[PDB]
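Peer 1: coordinates only, sequence not included:
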């Protein structure tokens, strides 16, 4: 017999035999899958075989099932399908292995996974007896692994009809309540039942019809009995027999009590029960922390749910004695483990990611934030007094001081305002304590980082009812920045930069610190960003841009601005962004920082910045030439910076000629040769601005080079996405070269019209309409003649283009483009061309009979239909709808259009007014 | 609720409140929550239809997660939208 | 109050009267609905901050639905929305 050789060959370490056995095995399956499946199932059932072979047999069946069992698995190879006779065999073998507690855990877990796969396909059509066998094992054989298996396949197999009406729901709760009421049941047996209780509660939480009287009542007795039982379980004590098991037991009880409290009506979990379990939860916090003499992880995993319950019943009044127990217990659960202290100290980028709120980990430190952030004001005020009091007494205990400062940070993050007369006394002592921490020379690293981060919260929360707040803000901000500078810890440097962001949230440092100190803090923050930007990584570079944005926002606009700082801000925008161009958050913020560095710029100042920056840009554009301008994340970045530099033009006329001399050729080469979609989109955007904003006299010799670029973009393998910005480029060329372009307008416009008709891309048609609306404003008559004479698919372009224009009007973006198109359509309306009267465009959408949702599968027999209306009629309705949504300027424009037209009834406006809807006339009456 | 008036089975009122308390804009137009609700309802109808079709392909009368993730992957348009 | 679980059942029964949906699958679906809502909502907010306007209306949402939803979803997701805003306000 062969399967033993394959099992040994496949299980062996050497790859050569592993593939031979696997390829031989798969080849055998492709011919007699039934025989291979039968063999693997006889190798897993045989106890005489070694555990390694038995485990591997179930390990192989795990994968072979997905490939040879049913088409329901995407991995089905369709070579052969195990005969139904063989299926009934292994499906029997798997249940025997899984439901037998005497089997090894690997065999029980190995077979359990196979049943999970099979049951999701074979139940109930091909495996009717699955649940009958599982419930037989639990009820009669008292199998523990049967409850573990039943939990895994519960949601997949038991439907609402099976659960409520089918008796599976009541059958399970009887099993659950029998186990929990049996005081002699082992913890592993009670834990299994409580996990299975969570499966039932999930079924009862939501179901297809709440109003069913039989379902509504059945839920009531189940929840009422659950809370009765869960109360009994929390009263039990097992000593130190097994703390890891007891902690899991408490975890599942509180997971169930946080579900019953949150995913059910207030009726089912009353306040008197909330008070009863609130007292138990606080006492479990004391018990859980005292048990902490993988124990710690289970202590922290259990504490997440105990605190998650307290967050739910946080509205209940906490006694002063109970607040002490919560703070004392959280001070021990919210302190950083030695493992996390090492992680943060060794790599400060992990500290910044967690502090910035971007780390994926969620632990007790985050559930304590959710608890303190949820408290109401009557309790939040009293908690602060407890936390503040503990700090002034724990100031000399560095073991707990960091934890307490975090609880204080969570309290001060609450949206409610802390009030009460005594808080004035506690606050002043708290402020002095924080100052001592900063001044302390021997303070540990992470306590100092937390004190730096908590101080902004204290000032923000008590911005009012705090004398001399401004001196404190200057005193604290200066002290925290100094600590960052004279320290070799990058964690403290990044802690101060994050703290600086919090300072700017509540305080206008320009008005608080003053013109001189504000510039000094800008210098200090810029120095700190340089120090940490050297080793910044991952989410740190995103944070540094956010901080740098704040620094840039405070640079003076008044004369005698610090030119040294501005050159340092420019250097940081490129340096931080150049480090990780692919980072999206840095890319967007880098442009924002660059834009606000150029919002108001003089000629002399602008020339200096382009002189410093442009030479780097030229090299990046030229460097990518050898790569055929493929999608380099750095190449995109500079093309986005060039656009910002070119878009934010200085006052006093056009851009300096140097830009035309140096950027024109690199950009032209990018557009001529590059094939990437993103590169062409950005390059065309930058090139369009270059032509638009540069002096015509200095660009005329380059007019020929533009056309080779333009003609290469109009029609080629260049997709519609790649030629997204060709609309503005054609507008820019037409605007600055209108006299020289007169011969070439016809062939340029013809290509644009064809592109507009074919493209379904919202952004491409919006841009390509920028050419038409520009031409219509320039000469509405001429545009129609070009469209009337030109034909696509043997029909006039006018009907096709105008219909595209009308549909595109509904999704145009930007006030500039909405004003432009409103003017363009208005010019067509005033023209009253006879050819424009024969075009018919889609009006209101005719709904089909009934209320059926028309999914795309129904498009064949329920296509969208529109009432055909004359174009001029749809133009007026479109403008009316624009005024309605809005409910010199867009509204101003549409209103003057309605006034001028009404004063003369041009183009039959009187007739259109008569056929408009009554609601439209009411809106139109705002102008009339 | 306003869902019946617009012909929807999703909460028009609660989507409006979600838009307001979300601090997305200073004001929300009356036609915004009705429009966004119909879009959410349509997508839930698309996913349920394709997921349901997968269930019936296996003669199942229940949309378990396997069917749900199998439908989105096979439908490219949903695959791009929802991965 | 809202999770969309109650309404996803209602939509399912119109599309498929005899088909049920599992709790873990409905939790997955609510992730989809909520995600696409917060992706259309933020895009509509950006277009509202853009367009130099302070209001989010049908125009902003339709532009948002067309930028986000790929292909036929955008063309159909818009038909539903428009026929609803048309049945509404009438």
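Peer 2: Structure received. Numbering: from 1, shown residues only, chains lettered A, B, ... in the order given.

Peer 1: Now do the contacts for the residue of the stretch 601-750 of chain A at minimum distance from chain B.
Peer 2: The shortest separation between the stretch 601-750 of chain A and chain B is 13.9 Å, found at residue A:721 (distances taken as Cβ to the nearest Cβ). Placement of C-beta: from N, CA and C, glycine included. When contacts are counted by Cβ atoms under 8 Å, 6 or more residues apart in numbering or on different chains, residue A:721 touches A:677, A:681, A:761, A:764.

Peer 1: at 6 Å instead, please
Peer 2: By Cβ atoms under 6 Å, 6 or more residues apart in numbering or on different chains, residue A:721 lies in contact with residue A:677.

Peer 1: likewise residue B:17?
Peer 2: Per Cβ under 6 Å, 6+ apart, neighbours of residue B:17: none.

Peer 1: what about it, distance to residue C:2?
Peer 2: Relative to residue C:2, residue B:17 is positioned 9 Å away (Cβ to Cβ, to the nearest Å).

Peer 1: repeat for residue A:462
Peer 2: Taking Cβ to Cβ, one finds residue A:462 at 36 Å from residue C:2.

Peer 1: for chain A, which helix is longest?
Peer 2: helix A:15-45 (DSSP state H).

Peer 1: So which elements touch it?
Peer 2: When contacts are defined as 3 or more Cβ pairs under 6 Å, 6 or more residues apart in numbering or on different chains; DSSP states H and E, helix A:15-45 sits against helix A:3-11, helix A:51-68, helix A:84-99.

Peer 1: can you put those helices in a markdown table and add distance to residue A:381 and mean neighbour count?
Peer 2: Conversion of the helices and strands packed on helix A:15-45 to a markdown table gives the following (distance: least, Cβ to Cβ, whole Å; neighbours: other Cβ atoms under 10 Å in any protein chain shown):
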| stretch | distance to residue A:381 | mean neighbour count |
| --- | --- | --- |
| helix A:3-11 | 65 | 18 |
| helix A:51-68 | 57 | 20 |
| helix A:84-99 | 55 | 18 |
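
Peer 1: want to throw the ones you listed into JSON lines with distance to chain B?
Peer 2: Converted to JSON lines, these look like this (distance: least, Cβ to the nearest Cβ, whole Å):
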{"stretch": "helix A:3-11", "distance to chain B": "27"}
{"stretch": "helix A:51-68", "distance to chain B": "11"}
{"stretch": "helix A:84-99", "distance to chain B": "15"}
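
Peer 1: Please identify the buried residues of stretch A:731-748?
Peer 2: Neighbour-count burial for stretch A:731-748, counted by 16 or more other Cβ atoms under 10 Å in any protein chain shown, picks out A:731-734, A:736-737, A:741, A:745, A:748.

Peer 1: oh, I was asking about stretch A:548-560
Peer 2: In stretch A:548-560, counting by 16+ other Cβ under 10 Å, buried: A:548-552, A:554-555.

Peer 1: Can you tell me, leaving aside adjacent residues, what's nearest to residue A:498?
Peer 2: Nearest residue to residue A:498, sequence neighbours excluded (Cβ to Cβ, 6 or more residues apart in numbering or on different chains): residue A:355, at 5.6 Å.

Peer 1: three-state assignment of the residue of the stretch 601-750 of chain A closest to chain B?
Peer 2: Of the three states, residue A:721 takes coil under DSSP: H, G, I helix; E, B strand; the rest coil.

Peer 1: ok, now residue A:926?
Peer 2: Following three-state DSSP, residue A:926 is assigned to coil.

Peer 1: by contact count, what packs against the helix or strand containing residue A:619?
Peer 2: Assigned by DSSP states H and E, residue A:619 belongs to helix A:603-623. When contacts are defined as 3+ Cβ pairs under 6 Å, 6+ apart, helix A:603-623 packs onto helix A:633-647, helix A:657-673.

Peer 1: tell me what the first one is packed against?
Peer 2: So the one you mean is helix A:633-647. Using 3+ Cβ pairs under 6 Å, 6+ apart as the contact criterion, the elements in contact with helix A:633-647 are helix A:584-596, helix A:603-623, helix A:677-693.

Peer 1: In TSV, list the ones you listed along with mean neighbour count.
Peer 2: Shown next, in TSV, are the helices and strands packed on helix A:633-647 (neighbours: other Cβ atoms under 10 Å in any protein chain shown):
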stretch	mean neighbour count
helix A:584-596	18
helix A:603-623	16
helix A:677-693	23
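
Peer 1: For the longest helix of chain A, what is the distance to the chain centroid?
Peer 2: Here the centre of helix A:15-45 is set off from its chain's centre by 44 Å, with Cα atoms, centre = their mean, to the nearest Å.

Peer 1: For it, buried residues please.
Peer 2: Neighbour-count burial for helix A:15-45 [16+ other Cβ under 10 Å]: A:17, A:21, A:24-26, A:28-29, A:33-45.

Peer 1: what packs against the helix or strand residue A:731 falls within?
Peer 2: Using DSSP H and E, residue A:731 maps to helix A:726-736. Applying 3+ Cβ pairs under 6 Å, 6+ apart, one finds that helix A:726-736 makes contact with helix A:677-693, helix A:762-778.

Peer 1: Compute the number of surrounding residues for residue A:812.
Peer 2: Number of residues near residue A:812 (other Cβ atoms under 10 Å in any protein chain shown) recorded here: 23.

Peer 1: contacting residues for it?
Peer 2: Residue A:812 touches A:766, A:818, A:821, counting by Cβ under 6 Å, 6+ apart.

Peer 1: Out of these, grab the one that's most surrounded.
Peer 2: residue A:821 (24 neighbours).

Peer 1: dump the residue contacts of that residue.
Peer 2: With contact taken as Cβ under 6 Å, 6+ apart, residue A:821 is in contact with A:773, A:812.

Peer 1: which helix of chain B spans the most residues?
Peer 2: Max-length helix for chain B by DSSP H is helix B:31-57.

Peer 1: Name the residues that touch the helix or strand that that one is followed by?
Peer 2: Next helix or strand after helix B:31-57 toward the C-terminus (DSSP H and E): strand B:62-63. Here strand B:62-63 makes contact (Cβ under 6 Å, 6+ apart) with A:159, B:51, B:55, C:20-21, C:25.

Peer 1: which among those residues gets closest to residue C:78?
Peer 2: Residue C:78 lies nearest to residue B:51 out of the contacts of strand B:62-63, by Cβ to Cβ, at 22.6 Å.

Peer 1: residue contacts, that closest one?
Peer 2: So residue B:51 contacts B:63, B:67-68, B:71 (Cβ under 6 Å, 6+ apart).

Peer 1: Report the angle between whatever helix or strand residue B:15 lives in and helix B:31-57.
Peer 2: When elements are assigned from DSSP H and E, residue B:15 belongs to helix B:12-21. With axes from the mean of the first three to the mean of the last three Cα atoms, to 10 degrees applied, the angle from helix B:12-21 to helix B:31-57 works out at 120 degrees.

Peer 1: Relative to whichever helix or strand comes after helix B:12-21, what are the paired strands and their orientations?
Peer 2: Following helix B:12-21 in sequence order, the next helix or strand is strand B:27-28 (DSSP H and E). With DSSP bridges as the test, strand B:27-28 is paired with strand C:55-56 (parallel).

Peer 1: Based on its surroundings, how many neighbours for the nearest residue to residue A:784 once chain neighbours are set aside?
Peer 2: Of all residues not flanking residue A:784 in the chain, residue A:833 sits nearest, at 5.5 Å (Cβ to Cβ, 6+ apart). Using other Cβ under 10 Å, residue A:833 has 17 other residues around it.

Peer 1: thought residue A:833 was touching residue A:782?
Peer 2: No - using Cβ atoms under 6 Å, residue A:833 makes no contact with residue A:782, being 11.4 Å away.

Peer 1: Contacts only, for residue A:562.
Peer 2: Residues in contact with residue A:562 (Cβ under 6 Å, 6+ apart) are residue A:519.

Peer 1: Residue B:41 versus the residue most central in space within chain C, what's the distance?
Peer 2: Centroid check for chain C by Cα atoms, centre = their mean gives residue C:37 as the closest residue, at 5.9 Å. To residue B:41, residue C:37 is 11 Å away according to Cβ to Cβ.
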